[PDB]
Each structure stands twice: as C-alpha cells, then as structure tokens.
Amino acid sequence: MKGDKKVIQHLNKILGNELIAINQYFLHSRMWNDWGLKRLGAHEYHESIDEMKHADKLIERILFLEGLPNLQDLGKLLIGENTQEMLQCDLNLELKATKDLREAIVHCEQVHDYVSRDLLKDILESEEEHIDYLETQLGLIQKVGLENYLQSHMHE
Amino acid sequence: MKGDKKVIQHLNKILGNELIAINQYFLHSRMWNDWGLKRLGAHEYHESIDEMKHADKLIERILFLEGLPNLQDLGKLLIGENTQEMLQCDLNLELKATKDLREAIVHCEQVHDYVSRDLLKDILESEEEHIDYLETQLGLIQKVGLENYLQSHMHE
Amino acid sequence: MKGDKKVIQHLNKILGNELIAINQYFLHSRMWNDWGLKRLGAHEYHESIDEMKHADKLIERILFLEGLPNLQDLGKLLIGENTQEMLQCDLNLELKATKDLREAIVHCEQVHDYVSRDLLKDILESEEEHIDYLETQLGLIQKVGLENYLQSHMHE
Amino acid sequence: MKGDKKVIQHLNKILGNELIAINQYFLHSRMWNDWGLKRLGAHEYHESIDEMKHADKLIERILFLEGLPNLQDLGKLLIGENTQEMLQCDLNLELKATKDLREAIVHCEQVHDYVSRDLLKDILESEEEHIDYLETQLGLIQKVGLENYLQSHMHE
Amino acid sequence: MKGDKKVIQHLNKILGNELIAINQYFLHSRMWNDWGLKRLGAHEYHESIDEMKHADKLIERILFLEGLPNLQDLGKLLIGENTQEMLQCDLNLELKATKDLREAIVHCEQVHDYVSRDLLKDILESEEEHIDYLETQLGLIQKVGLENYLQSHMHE
Amino acid sequence: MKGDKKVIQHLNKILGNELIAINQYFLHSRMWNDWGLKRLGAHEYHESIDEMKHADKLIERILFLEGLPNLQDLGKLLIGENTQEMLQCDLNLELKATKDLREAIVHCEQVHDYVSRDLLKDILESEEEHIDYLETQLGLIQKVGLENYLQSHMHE
Amino acid sequence: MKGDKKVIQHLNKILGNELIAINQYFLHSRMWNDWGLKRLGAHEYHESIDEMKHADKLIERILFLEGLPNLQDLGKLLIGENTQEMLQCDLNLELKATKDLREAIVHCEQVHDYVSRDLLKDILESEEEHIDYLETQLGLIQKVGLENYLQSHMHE
Ligand code: HEM
Ligand code: HEM
Ligand code: HEM
Ligand code: HEM
Ligand SMILES: [Fe+2]
Ligand SMILES: [Fe+2]
Ligand SMILES: [Fe+2]
Ligand SMILES: [Fe+2]
Ligand SMILES: [Fe+2]
Ligand SMILES: [Fe+2]
Ligand SMILES: [Fe+2]
Ligand SMILES: [Fe+2]
Ligand SMILES: [Fe+2]
Ligand SMILES: [Fe+2]
Ligand SMILES: [Fe+2]
Ligand SMILES: [Fe+2]
Ligand SMILES: [Fe+2]
Ligand SMILES: [Fe+2]
Ligand SMILES: [Fe+2]
Ligand SMILES: [Fe+2]
Ligand SMILES: [Fe+2]
Ligand SMILES: [Fe+2]
Ligand SMILES: [Fe+2]
Ligand SMILES: [Fe+2]
Ligand SMILES: [Fe+2]
Ligand SMILES: [Fe+2]
Ligand SMILES: [Fe+2]
Ligand SMILES: [Fe+2]
Ligand SMILES: [Fe+2]
Ligand SMILES: [Fe+2]
Ligand SMILES: [Fe+2]
Ligand SMILES: [Fe+2]
Ligand SMILES: [Fe+2]
Ligand SMILES: [Fe+2]
Ligand SMILES: [Fe+2]
Ligand SMILES: [Fe+2]
Ligand SMILES: [Fe+2]
Ligand SMILES: [Fe+2]
Ligand SMILES: [Fe+2]
Ligand SMILES: [Fe+2]
Ligand SMILES: [Fe+2]
Ligand SMILES: [Fe+2]
Ligand SMILES: [Fe+2]
Ligand SMILES: [Fe+2]
Ligand SMILES: [Fe+2]
Ligand SMILES: [Fe+2]
Ligand SMILES: [Fe+2]
Ligand SMILES: [K+]
Ligand SMILES: [K+]
C-alpha cells in the first residue's frame with residue numbers, strides 16, 4: 001500500500017528511538033546483573049524486549065507502506081554509571097521519545113493514516129508505562145534511601 | 001576479574017559484528033515475511049535471535065573482565081534487494097566475522113584467557129552453522145531454480 | 001440514542017461496500033474450490049466471513065443510532081475470470097472501500113461520534129490486512145511464477 | 001554347527017556386497033544432506049542401515065556355521081557426483097548384488113542348507129525393495145523433471 | 001566453506017582409523033556373542049556404534065569443508081582368536097589411532113581451524129574412554145583369573 | 001594409559017588447591033550458619049560441593065594416567081573471623097588457584113594432553129564463576145552497606 | 001553457649017580422624033573404580049560420605065560451643081596398594097578412631113556435656129557398622145578366595 005512519505009519518515013524516526021532504547025536498556029540490564037542487582041537487571045531486560053517488539057511492529061508497518069526501514073543510523077546511547085544515573089538516562093530517553101511519538105501521531109491524523117496512528121498510540125501507551133516505572137523508582141530512592149533501594153533489588 | 005585490555009578490544013570487535021548481524025538479519029527476516037516468503041522469514045528471524053544471544057554472551061563477558069561493552073558503533077548493513085542477494089549479503093558478513101573470531105581466539109590463547117577462548121569457539125561453531133545454512137540455500141537455488149526455491153519457502 | 005444523520009449515511013455507505021465484498025469473495029471462494037484450488041478457496045471463504053462480521057457490526061451500530069440499515073442496494077460485483085483477475089478485483093474493492101472509511105472517520109471526528117470512529121478504525125485495520133494479503137499474493141505470483149503459485153494452493 | 005565350506009564362501013561374498021553398499025549409501029546420504037536434499041539423505045541413510053542389518057545377519061550365520069567372516073576386503077564404491085548419478089550407482093550395485101544372492105540361494109538348495117537359504121531369500125526380498133525404490137526415483141525425475149524432483153526432496 | 005587441504009587429509013586419516021575400528025569391533029562383538037559371552041558382546045557392539053558415530057561426524061565435516069571423504073581404503077583389521085587377544089588388539093588400535101588424533105589436533109590449531117579441533121578433541125575424549133575400558137578388562141583378567149572374568153560376562 | 005609426569009604433577013597441584021578450598025569453604029559455610037546467616041551459609045556449602053566435584057574429577061584423571069593422587073599434604077587454610085574477610089579469603093584462594101590452572105593448561109597443550117586440558121579448562125570456567133560471585137558480594141557490601149548486606153542473607 | 005575446653009579439644013580430635021577417613025576412603029573408592037571393582041568403589045564412596053556427615057556434625061557442634069574447628073592438621077593417610085590391604089587400612093583407622101570416641105564420651109560424661117555424648121555415641125554406632133562391614137569383607141576373602149571375592153565386586 002503506497003503510504004504517505006512524511007508518515008514513513010516519522011515511523012523511521014520513531015524506529016530510530018527504539019533502536020537506541022533496545023541497546024541502552026540491554027546494556028543497563030547486564031550491568032545490573034553483573035553488579036548483583038538481579039531484580040533491576042531482570043526488569044530492565046524485559047523493558048529491552050518491549051522495545052524490541054516496538055521496533056518489530058514499526059519495521060513491519062514501514063515495509064507494508066512500501067518504505068525502507070532504517071536500522072543503519074543509531075543515535076547517542078545514554079549509558080549511566082550508577083543505578084540513579086541509569087534510571088534517569090532511561091527517563092530522558094523515554095520523554096524525548098514520547099515527544100516524537102506525539103508529532104508523528106499529529107501527522108498521521110492530518111493525512112488520515114489512522115492505522116499508523118493506532119500503532120503509534122499503542123506504543124505511546126507502552127512508553128508511558130515505562131515512564132511511570134522510571135519516575136517511581138527515582139521516587140522510591142528518595143523515600144527509602146539509596147542503600148535500602150538497592151538491597152531490595154539484589155534478589156529476585 | 002581485570003581482563004587483558006587487548007582481549008577486551010577483540011571481544012568488542014566481535015560484538016560489533018554481532019550488532020551488524022542482528023539488525024541485518026532482522027530486516028531480511030521481515031522483508032521475506034512482507035513478501036510472503038514466511039519460511040525464509042522465520043528461519044532468518046531465528047538467525048537474528050542467535051546473533052542476539054551471541055551479543056548477550058559477549059556483553060556479559062566484557063563486563064566480567066571489567067571492560068565497557070560498545071553498543072554505540074554500528075558498521076555497514078548490507079541490505080539486498082532480492083533473495084539471492086540477501087543470502088549472499090549474510091554470507092559475506094558471516095565470512096568476515098569468522099576472520100575476526102579466529103584472530104581473537106589466537107590472542108586469547110597467547111595471553112591464557114582460556115574461558116574467553118571457549119566462548120569465542122562456541123560462537124565460532126555457531127557461525128560455521130550459519131555459513132553452512134547460507135551456502136546451502138545458494139546451492140539449492142542453482143539446483144532447483146529460484147522459482148521452485150521460493151515456492152518451497154512460501155508456507156511455514 | 002439519536003445519531004448524526006450524516007454519520008448514519010456514511011455508515012450505510014460502508015455497509016454497502018461490505019455487502020459487495022461478501023458476495024464477491026464468497027463467489028470467488030467457490031470458483032476456486034470448483035477449480036480444485038482449495039487453499040485459495042478456503043482463505044477467500046474466510047475473507048468473506050470477515051466481511052459478514054463487518055456488515056453485522058455496522059448494522060448494529062446503525063440501529064443503535066436509530067437509523068435504517070440499507071441492505072437493499074447492492075453495488076457492482078467485480079467477478080474475475082482467473083486467479084490473477086480475482087485477486088486484483090478484490091484489491092480494487094478494498095482500496096475503493098478504504099477511501100470511504102477514511103472520509104467517514106473524518107466526519108465522525110468532526111461531530112464527536114468517537115464510538116463510531118472506533119468501530120470504523122477497527123474495520124479499517126482489517127481492510128489493510130486484506131490489502132496486505134492481496135498485494136502479497138500478486139507479488140508471489142511474480143516471484144514464484146503463476147503455475148507454481150497455483151500448484152501451492154491446490155491442496156490444504 | 002559345521003557348515004558347508006562353499007556356503008560360507010557365498011555368505012562372505014554377499015557380506016562383501018553389503019559392506020560396499022553400507023559405505024556407498026552412507027556417503028551418498030551425507031552428500032545429499034550436505035546439499036540440502038534432506039529427504040533424499042534421510043531415506044538413503046535408512047537404506048544404509050538396512051545394509052548394516054544384512055551384514056549383521058550374514059556375520060552371525062557365518063560364525064554359527066563355524067566360518068570366518070571376511071570384513072577386510074572392500075570392493076569398489078560407486079560414488080556419483082550428482083543426484084541422477086548417485087541413484088544409478090546404487091541401482092548398479094543392487095543389480096550386481098541380486099545376481100550374487102541368486103547364485104548363493106541355488107548353492108544353498110543343492111546342499112540342503114535351507115536355513116541359510118531362508119536368510120538369503122529375506123535379504124533378496126529387501127534388495128528388490130531397494131531396486132524398486134531406485135528405479136522409481138529415476139523414473140520420477142523423467143516424469144516431473146529434475147528441478148521439481150529435487151524440490152520435492154529438499155524438506156522432511 | 002573451503003578448508004585447509006592438509007586438515008582434510010588429517011580428517012580422512014582419522015576417518016580411516018574409524019572404519020577399521022567399526023569392522024574390527026563389530027566382528028569381535030559377534031564373535032563374543034557366538035561364543036555365548038553375551039555381555040562382552042553387548043559392550044563391544046556399543047563401542048562399534050561409537051566408532052560409527054565418529055565416522056559420521058568426520059564424514060559430515062569433511063564434506064562441509066568441501067573435501068572428499070575416503071571410505072574406500074580400509075586398513076588392516078587386527079582380529080583376535082581368544083578374549084585376551086581380542087581386547088589387546090582393540091587396545092593396540094586405539095593407541096595408534098590416538099597418536100593420529102593428537103597429530104591432527106596440532107595441525108588444526110596451527111591453521112586456526114578451531115571447530116575441526118573441537119570435533120577431534122571430542123573424538124579423542126571418547127577414545128580415551130575406550131582405552132580405559134580395555135586396559136581395565138585386561139587388568140581384571142589378571143586379578144580375577146580368566147575363567148572368572150569370562151564367567152562374569154556370559155550373561156547380560 | 002601412561003601419562004606425562006609433569007602433567008600429573010600439575011594435576012596434583014591443582015588437586016591440592018581443591019582440597020584447601022573444600023575445607024575453607026565448608027568451615028565458612030558452617031560459621032555463617034552458626035551466626036544465623038543461612039543464605040550465605042547455604043551458598044557457601046554449594047561452593048564447597050563444587051570443589052569436592054573438582055577434586056573428584058582430578059583424582060579420577062590422575063589414576064587413569066597411572067599417577068598417585070596426593071590427598072595428604074594440606075596447604076594453608078585462610079579462615080577469616082568476619083563476613084567481609086571470609087569473602088576476601090575465598091577470593092584470594094580462587095585467584096591463586098587460577099594462576100595454577102593456567103600454568104597447567106599450558107603444559108597439557110605442549111605435551112598434547114588435550115583431554116587433561118579440557119578437564120582443566122572446565123574447572124577454570126567454574127573458578128571464574130566463583131570469582132565473579134565473590135567479587136560481586138564484596139561490591140554489594142559497599143553499595144548497600146554491611147548491615148543491609150548481612151540482613152539480606154539472614155533468611156532463606 | 002560456652003563449652004568445656006577439654007570437650008572441644010576432644011571433638012577436634014575426633015574431627016581430625018574424620019578428615020583422615022574422608023580422604024582415605026574417597027581415594028580408595030576411586031582406586032577401586034579405576035580398577036573396575038565398581039561394587040567396592042561404590043560402597044566405599046558411601047563410607048566416605050558418612051565420614052563427611054560425621055565431620056559436618058562435629059564442626060557444627062564445636063562452633064555452637066564457641067570453639068574453633070581445626071580443619072588444617074591432616075594426620076597420616078593409610079593408602080594400601082591392593083584390595084585386601086586397603087580393607088585392612090580402613091579397619092585399622094576405624095579401630096583407632098573408636099579408641100578416641102570412647103575416651104571423649106567418658107569426658108563428656110564427667111563434665112555433664114550430655115548432648116555432646118549423644119552426638120559422639122551416634123558416630124560410634126556408625127563406626128561399629130563400618131568395622132563390621134570391613135571385618136566381614138576380610139572374612140569373605142578367606143572363605144570364598146580373593147579371585148571370587150574380587151569377581152563378585154566387579155559389577156553393580
Ligand atoms: C534491531 C534490533 C533488534 C530487534 C528488532 C530485536 C527483536 C527481538 C524480538 C522480536 C525478540 C523476541 C521477543 C519475544 O517474542 O518475546 C527478541 C529477543 C531477544 N533479543 Fe532482540 N532485537 C534487537 C536487538 C537486540 C540486541 C541489540 C540484543 C542484545 C544486545 C538483543 C537480545 C535479545 C535477547 C537476549 C532476546 C531473547 C531471546 C530468547 O527469547 O531466547 N536483541 N529480539
Ligand atoms: C447481509 C449479508 C450477510 C451477513 C450480514 C452475514 C453474516 C454472517 C455471520 C455473522 C456469520 C457467522 C460467522 C462466524 O462467526 O462463523 C455468517 C456465517 C456464514 N455465512 Fe454469512 N452473512 C451474509 C451473507 C452471506 C452470503 C451471501 C453467503 C453465501 C452465499 C453467506 C454464507 C455464510 C456461511 C456459509 C457461513 C458459515 C455457516 C456456518 O457457520 O455454518 N453469508 N454470516
Ligand atoms: C561392518 C560394517 C557395519 C556394520 C555391521 C554396522 C552395523 C550397524 C548396526 C547393526 C546398527 C544398528 C541398526 C539398528 O538396529 O538401528 C548400526 C547403526 C548405525 N551405523 Fe552402522 N554398521 C557398519 C558400518 C557403518 C559405517 C561405515 C558407518 C558410517 C560411516 C555407520 C554408521 C551408523 C550409524 C550413524 C548408526 C546409527 C547409530 C545410532 O543409533 O545413533 N555404520 N550400524
Ligand atoms: C578429598 C576431599 C573430598 C572429596 C573428593 C569429596 C567428594 C564429594 C562428592 C563427589 C560429593 C557428592 C557431590 C554430589 O554429587 O552431590 C560429596 C558430598 C558431600 N561432602 Fe565431600 N568430598 C571431600 C571432602 C569433604 C569434606 C572435607 C567435607 C566436610 C568437612 C565434606 C562434606 C560433604 C557433604 C556434607 C556432602 C553431601 C553428601 C550428599 O548429600 O551427597 N566433603 N563429597
Ligand atoms: Fe519503545
Ligand atoms: Fe506489501
Ligand atoms: Fe509532520
Ligand atoms: Fe491497536
Ligand atoms: Fe519505551
Ligand atoms: Fe554471531
Ligand atoms: Fe563483577
Ligand atoms: Fe590480537
Ligand atoms: Fe563453552
Ligand atoms: Fe552468525
Ligand atoms: Fe528450507
Ligand atoms: Fe468443474
Ligand atoms: Fe470489510
Ligand atoms: Fe435503540
Ligand atoms: Fe462527511
Ligand atoms: Fe474498541
Ligand atoms: Fe475487506
Ligand atoms: Fe498461501
Ligand atoms: Fe543388502
Ligand atoms: Fe557355536
Ligand atoms: Fe526368514
Ligand atoms: Fe540393498
Ligand atoms: Fe520421495
Ligand atoms: Fe573412534
Ligand atoms: Fe556445503
Ligand atoms: Fe600435520
Ligand atoms: Fe564440541
Ligand atoms: Fe575408539
Ligand atoms: Fe546361560
Ligand atoms: Fe575448584
Ligand atoms: Fe586404568
Ligand atoms: Fe609445566
Ligand atoms: Fe569438557
Ligand atoms: Fe573454586
Ligand atoms: Fe545473595
Ligand atoms: Fe529469623
Ligand atoms: Fe566417622
Ligand atoms: Fe552461636
Ligand atoms: Fe579427657
Ligand atoms: Fe542421638
Ligand atoms: Fe568410620
Ligand atoms: Fe559385597
Ligand atoms: Fe564388565
Ligand atoms: K534495610
Ligand atoms: K514446482
């Protein structure tokens with residue numbers, strides 16, 4: 001199905017954010033595992049899988065709209081150096097990514113690509129779940145203190 | 001365990017090839033799916049999961065040796081335009097990556113990092129399977145013809 | 001609950017498209033079964049059932065909005081004479097019908113009938129799947145050849 | 001049980017044919033597997049196992065009849081270089097070998113070794129099955145064409 | 001994948017040892033069974049099957065490296081006349097064969113064929129287990145006496 | 001099978017390290033259980049069992065190679081008097097042991113005792129997992145504090 | 001609970017005997033397995049595990065009584081070089097150990113450490129079962145002869 005060319009540019013920009021998240025979150029997962037924080041590591045692993053599934057859906061939509069998925073260009077990864085930096089780096093990636101999802105949805109609606117909009121709203125639903133998780137961990141660290149927070153995420 | 005710095009560079013070089021292969025085979029898988037060659041698509045999908053698992057093991061080894069895994073740098077993806085070309089792009093990438101594996105196994109052996117050698121050998125075993133899959137598909141295309149070959153890979 | 005008269009006219013227009021498709025896909029399904037192309041016949045039968053379910057949901061929404069569903073006017077059936085034409089005829093109806101879905105969705109949004117919009121988007125999601133199935137078969141005919149394509153769809 | 005010295009010699013001649021077939025069919029099996037014709041490789045593998053069981057039964061009868069099984073002397077393996085040649089090589093081996101089985105059955109009759117006759121009759125029953133399979137494949141290559149024939153034996 | 005010609009010769013040389021061992025051990029096994037030493041016969045059958053599996057893996061690897069497997073040239077079978085002689089002949093063969101396995105491993109390492117080296121290492125692990133079994137039987141014959149040793153292996 | 005005399009001396013040296021580890025870790029497990037740190041006690045008991053399995057495999061190998069396992073000469077146990085030091089005592093033992101594993105792997109490689117190298121490489125694989133566990137616990141003590149770390153390991 | 005200093009010294013003396021027994025019996029079990037006397041090997045492995053359980057219970061008791069388990073000072077292992085002598089080596093070790101158990105039971109009784117007496121009496125119960133097993137095997141060697149006795153313990 002010939003799809004709108006700016007829609008496809010948008011889809012490819014969102015795809016570009018997923019591929020950053022995939023790699024960013026996977027490395028965070030394995031850093032946590034390596035430091036003995038296996039509960040943070042497991043959860044972060046599943047975040048990474050969600051982003052992999054976002055990427056898949058975008059790639060499949062782009063191809064169906066007869067565009068060319070771009071897996072070549074990869075933005076800056078925000079790799080933190082400690083647990084609090086790492087959650088904040090994820091948050092900042094998410095908030096940026098939702099900005100771009102909103103503008104892409106706006107464009108889909110102008111052009112009447114309601115299916116692409118439905119796809120992008122479903123991803124948006126999921127990134128707002130991620131943001132809620134990230135904000136809440138940053139909040140808990142304040143409430144229970146960093147030492148207690150890490151202790152509670154040592155063991156699954 | 002403080003690892004040998006050049007061993008870690010080598011591991012990061014291998015990882016860089018895994019990252020190329022992940023994206024390349026994942027896109028090839030989805031192209032085949034989008035064209036209705038679902039059986040090619042499923043097989044290429046599992047090859048990408050395999051490279052995801054290679055990348056995972058490399059990342060965990062680098063962190064154990066106290067290096068920094070590099071997911072930022074992504075080499076060139078060779079995306080073909082038809083089935084013979086996609087298989088040959090995968091083959092070229094695999095053959096190039098076994099060269100890097102062999103040079104890195106040599107160096108692990110020189111510095112007595114036998115466990116890293118074991119991981120690289122197991123990865124190498126899996127890449128020689130991939131090479132065998134790809135060379136065999138290219139051969140079957142010559143023997144049965146491209147149209148029959150694709151016919152046999154439409155339905156899963 | 002009293003609906004916007006123009007939303008109801010749109011809904012009746014979409015219904016008119018569904019009723020064409022129902023009869024066209026069902027007749028195509030049975031032509032393919034009669035020619036011994038049973039795997040095409042089975043899939044076309046299921047597409048026909050999908051259109052019946054679209055029609056059903058539209059009829060129910062129209063009665064809820066206190067309009068009169070129009071099952072009396074039946075537009076033009078596009079019956080093909082061979083596999084390639086039948087696929088193309090269906091694809092032509094689907095693209096015609098998706099244009100009417102997008103204009104009816106615009107109107108639903110202008111008058112704030114968001115439940116009718118939800119329904120029409122769900123139907124549109126499924127037509128874009130139908131279009132993908134149909135584009136893809138026509139692409140497979142090109143790639144594997146017509147005789148092979150038909151061979152692969154003789155048997156369930 | 002002291003067995004007839006020439007019966008024992010006939011049993012070692014059949015044994016020698018079996019040992020040729022074991023190696024010949026097992027190499028053909030693995031060549032077909034290595035080319036991606038797994039349905040031909042698997043069938044040929046089962047033929048090789050049949051030949052192993054023949055050999056086993058002959059070895060056991062020879063030793064019962066107080067002879068010395070000869071596993072030392074190996075005739076010429078006929079190794080084709082493509083599917084048609086491989087099949088014909090196997091058919092040639094089966095035909096030469098039935099001739100030798102008939103001669104041993106004749107001699108077993110004349111000296112009243114009816115139990116060795118029964119064993120050889122059973123092996124011959126199996127060689128005629130192998131012959132029927134080989135001739136039928138070579139005939140199918142004619143009837144459906146070689147590309148199709150190989151297409152139909154890529155997959156299990 | 002085109003492999004080192006001299007590695008392939010080494011594999012073919014290991015393969016030639018396997019083919020000796022297969023025949024030598026199958027015959028010894030059937031000899032013990034005919035003499036009513038069924039437990040010796042059963043164990044020796046399983047060693048012969050091991051050698052078959054070794055030969056299989058070597059054939060498949062030669063063919064992937066694009067060499068030609070040599071199943072034609074069968075070396076000297078060393079066949080005993082009594083239990084003590086037969087065990088000692090197997091042992092002589094295993095020790096010769098592991099000398100060739102070590103020389104072939106050395107060569108794989110020199111040319112970086114690490115996967116062939118893993119295969120050979122796995123075969124050698126199994127040959128050392130065979131040597132252990134054989135030296136230990138010859139040991140037990142000395143400790144329990146020949147008649148007791150044979151008595152203990154009449155029944156399975 | 002007569003083994004190389006220096007290989008056996010090396011295997012006895014590795015074995016002396018295992019015997020130190022068994023005792024040190026077993027006592028450490030029972031100190032922690034006695035202090036009510038059952039989660040540390042239990043994991044340390046399993047570390048001790050791993051060393052018992054290493055000792056076992058080395059003894060079996062030495063005997064196969066016709067050497068004498070030396071279980072008589074017990075090196076210095078490092079028993080701390082508090083949790084952090086006991087973790088550090090175990091880490092220094094592991095780091096000295098791997099020194100000796102690598103030296104011994106190098107000698108097996110020179111004299112072509114590849115099966116012994118395999119066994120030693122597997123043990124090494126397992127000592128690096130031990131080193132990783134120990135390094136990480138000392139790391140968590142800093143990240144979460146000594147009292148939380150102990151708290152987290154009171155209860156199974 | 002502060003324990004009596006001589007009781008703890010006695011428990012450490014018993015413990016030193018257990019540690020000798022663990023090693024002597026474990027090596028004996030692995031010599032017999034290596035000679036193909038698996039029924040002796042296996043039973044001796046379980047004797048060794050019994051001593052490991054005795055060592056365990058004594059360590060736990062010493063720690064409860066706030067002493068230091070001495071696992072460092074390993075007495076003389078009696079390793080024979082043949083089956084009869086190994087049985088006799090184990091019997092002399094057991095007979096010397098019970099000497100020390102009785103002396104220690106007497107001291108627990110004088111200082112009213114009744115729970116320690118219980119533990120020591122249970123171990124004693126178990127050493128007399130060991131003495132009974134060992135005495136009986138040396139008796140059967142005379143009654144049935146060395147070669148039959150060994151024959152009977154080749155196979156599980
Ligand atoms: C373009 C990038 C990627 C895409 C589109 C992608 C896609 C996927 C998908 C769809 C799955 C299966 C999810 C499921 O059904 O639960 C998966 C699994 C997985 N991926 Fe990725 N992935 C990508 C990159 C990566 C990277 C960079 C890594 C590691 C650094 C990775 C590691 C994994 C792992 C470990 C699994 C689990 C495999 C299993 O289930 O056994 N992936 N990926
Ligand atoms: C106003 C037009 C139609 C409507 C609204 C309609 C609706 C439906 C619905 C809702 C179903 C149930 C589907 C399921 O969930 O399994 C159904 C089944 C079916 N329809 Fe239709 N239909 C229409 C016209 C037709 C026509 C014209 C044909 C064939 C000439 C047809 C043939 C069938 C068949 C064979 C089934 C399956 C029967 C079964 O369930 O055993 N329908 N229809
Ligand atoms: C004297 C020559 C041989 C004899 C008498 C022989 C005999 C046998 C027998 C009796 C079996 C068990 C059949 C069954 O009941 O399933 C067997 C299995 C097998 N043989 Fe042979 N064989 C011979 C040569 C070979 C050779 C030369 C190869 C390979 C190059 C080979 C490969 C195999 C394999 C792979 C199996 C299957 C083993 C398994 O169960 O995984 N054999 N053989
Ligand atoms: C030469 C030294 C030793 C060797 C080779 C050895 C070997 C073994 C082996 C192979 C096992 C069973 C492993 C399994 O399959 O689960 C075992 C079990 C055990 N060992 Fe040792 N061991 C040694 C010394 C010790 C010592 C010194 C102690 C205590 C102070 C000890 C305490 C235990 C315990 C409690 C078990 C658990 C028994 C079971 O449930 O199977 N061991 N040993
Ligand atoms: Fe996402
Ligand atoms: Fe498409
Ligand atoms: Fe835009
Ligand atoms: Fe949706
Ligand atoms: Fe996200
Ligand atoms: Fe890889
Ligand atoms: Fe670490
Ligand atoms: Fe290097
Ligand atoms: Fe490994
Ligand atoms: Fe690969
Ligand atoms: Fe295939
Ligand atoms: Fe008809
Ligand atoms: Fe529809
Ligand atoms: Fe109503
Ligand atoms: Fe309108
Ligand atoms: Fe809805
Ligand atoms: Fe439709
Ligand atoms: Fe289809
Ligand atoms: Fe046969
Ligand atoms: Fe007989
Ligand atoms: Fe019969
Ligand atoms: Fe045959
Ligand atoms: Fe067939
Ligand atoms: Fe072998
Ligand atoms: Fe090949
Ligand atoms: Fe060489
Ligand atoms: Fe291997
Ligand atoms: Fe062997
Ligand atoms: Fe019997
Ligand atoms: Fe160890
Ligand atoms: Fe031995
Ligand atoms: Fe050395
Ligand atoms: Fe191993
Ligand atoms: Fe360790
Ligand atoms: Fe823990
Ligand atoms: Fe508690
Ligand atoms: Fe004891
Ligand atoms: Fe206490
Ligand atoms: Fe006393
Ligand atoms: Fe008691
Ligand atoms: Fe005892
Ligand atoms: Fe017994
Ligand atoms: Fe036995
Ligand atoms: K706390
Ligand atoms: K065809």
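Values below: all heavy atoms of this structure, side chains included; hydrogens, waters and symmetry mates excluded. Counting starts at 1 for both ligands and their atoms, following the listed order. Protein chains get the first letters and strands the later ones, always in sequence-line order, with residue 1 at the start of each.
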Measuring from the Fe ion (ligand 38), name the closest N, O or S atom belonging to F:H130. ND1

Would you say F:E47 reaches the Fe ion (ligand 38) with an N/O/S atom under 2.8 Å? no

Within 45° of the axis and under 6.0 Å from the centre of the six-membered ring of F:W32, does NZ or CZ of F:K38 qualify? no

Considering residues, nucleotides and ligands other than B:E125, do more than 12 of their heavy atoms fall under 6.0 Å from its CD? yes

Using a strict threshold of under 4.0 Å (side-chain N to carboxylate O), is an ion pair present between F:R61 and F:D56? no

With a cut-off of 2.8 Å, does E:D50 place any N/O/S atom under that distance from the Fe ion (ligand 28)? no

The Fe ion (ligand 39) contact by A:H155, N, O or S atom under 2.8 Å: yes

Could you tell me which N, O or S atom of F:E127 is nearest to the Fe ion (ligand 38)? OE1

If we ignore hydrogens and angles and just use 3.5 Å, is the side chain of E:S29 paired with the main-chain N or O of E:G41 as donor and acceptor? yes

So does F:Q88 get a backbone contact from the side chain of F:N92, meaning a donor-acceptor N/O pair under 3.5 Å? yes

Does the shortest distance from the Fe ion (ligand 38) to an N/O/S atom of F:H54 fall below 2.8 Å? no

Please give the atom name: the N, O or S atom of F:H153 nearest to the Fe ion (ligand 39). NE2

Counting only N and O atoms by type, is there a donor-acceptor contact under 3.5 Å from the side chain of D:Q72 to the main-chain atoms of E:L77? yes

Between the Fe ion (ligand 38) and F:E94, which N, O or S atom of the residue is the nearest one? OE2

I'd like the atom name of the N/O/S atom in E:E51 lying closest to the Fe ion (ligand 28). OE1

How close do E:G3 and E:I8 get, heavy atom to heavy atom, and via which atoms? O-CD1, 4.0 Å

